């Protein structure tokens, strides 16, 4: 068996981040990837989703706002396949950047599907590879419900595989993926239906964010269907699919997307040969240093128990692990607190920290203070299509530490990173008040609340 200082299983967000970083400090690294480098994010996640989000934003601009700004515009047509080739060409340039970076760091990239043989050895393409340190970063895959006709639906992967625009779509799920896809499809001219199992989408978000997303969907977005539990998917004689709900109602569509969750891909790598512990749902257990119960085996990214399913989390966790193992920094670790999130819905959502109710449960109702700002972005205020924007700061203690920050509206996706640094430094309402506002922008509304 060939020996390496470090073996990274999975060439996704975590694997690449960790493999490069460990190589920078002179390590001989083997990076094992079965499909394409960059994993879910680069190929069938963040990147392609964003490229289409931008396209959808251009549509909204021409369809909803252009006219009122004085433009006589005629959108003659939208070619979905043209968007796809631009998207995939961009994804291609990303693949060659990685091959240049990984090449310059001497990371040995091995194309194949890795399985464990034992604690210290993995097999790929019939060959055995051994190492002192082994990172498991295989990520997840979409969860397909166990009902009749489930196989007729597609998942987020199949959606990015669509060569042409479906005429009508049922998006099933309440998480950010379902909301993002449902929003992009509607903006691009597809009859879109969003089916959520209970009262609303994004149930883990602040009520202000939920309520505004809901009202904006009702007026200019996909059609929302609450209390919708799938029962069956019937393939009709004409080729369309009919989603039957447990409540008795049904909806006919051309394509149906399952966006009901993801589960870790830890069931086919022969873990039962390593002694590595996992929880009931297949997630790998780790200490604060990304190390499993078996010394020399580590884990970062989506498959980690108590992790966060974002790309920057896996990147940072992987890099900090490489700092620890190869750059003599035993305290180097990942910080999973106050990680910012952005949902590229229509309109976009930005959030950091605790919701109004989470802060009430943690600190007590009377010990928290909430500041809000409701406004119309100037961008849409001059048009027939007024869009609301809402922002909120959730404060706790007498010092009014900003324990939660929430926003929904035009360009909110871009205004959150900086407030995240401030919150990481323990910012209080007074710290927010100490800065002079930038006029005219949407971001000043975060610092002008009283």
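Numbering follows the first chain given and starts at 1.
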Comparing 267-275 with 297-305, which has the greater mean CA B-factor as deposited?
-> 267-275
What stretch has the higher average Cα B-factor here, 72-80 or 350-358?
-> 72-80
Tell me which of 344, 129, 258, 159 tops the list for C-alpha B factor in the record.
-> 129
Deposited CA B-factor, highest of 218, 206, 180, 335 = 218
Is the Cα B-factor recorded for residue 1 in the lowest, middle or highest third of its chain?
-> highest
C-alpha B factor of residue 414, ranked within the chain: lowest, middle or highest third?
-> lowest
Residue 401 by Cα B-factor - lowest, middle or highest third of the modelled chain | lowest
Record-listed C-alpha B factor of residue 173: chain third | lowest
Give the position of residue 222 by CA B-factor within its chain, expressed as the lowest, middle or highest third.
-> middle
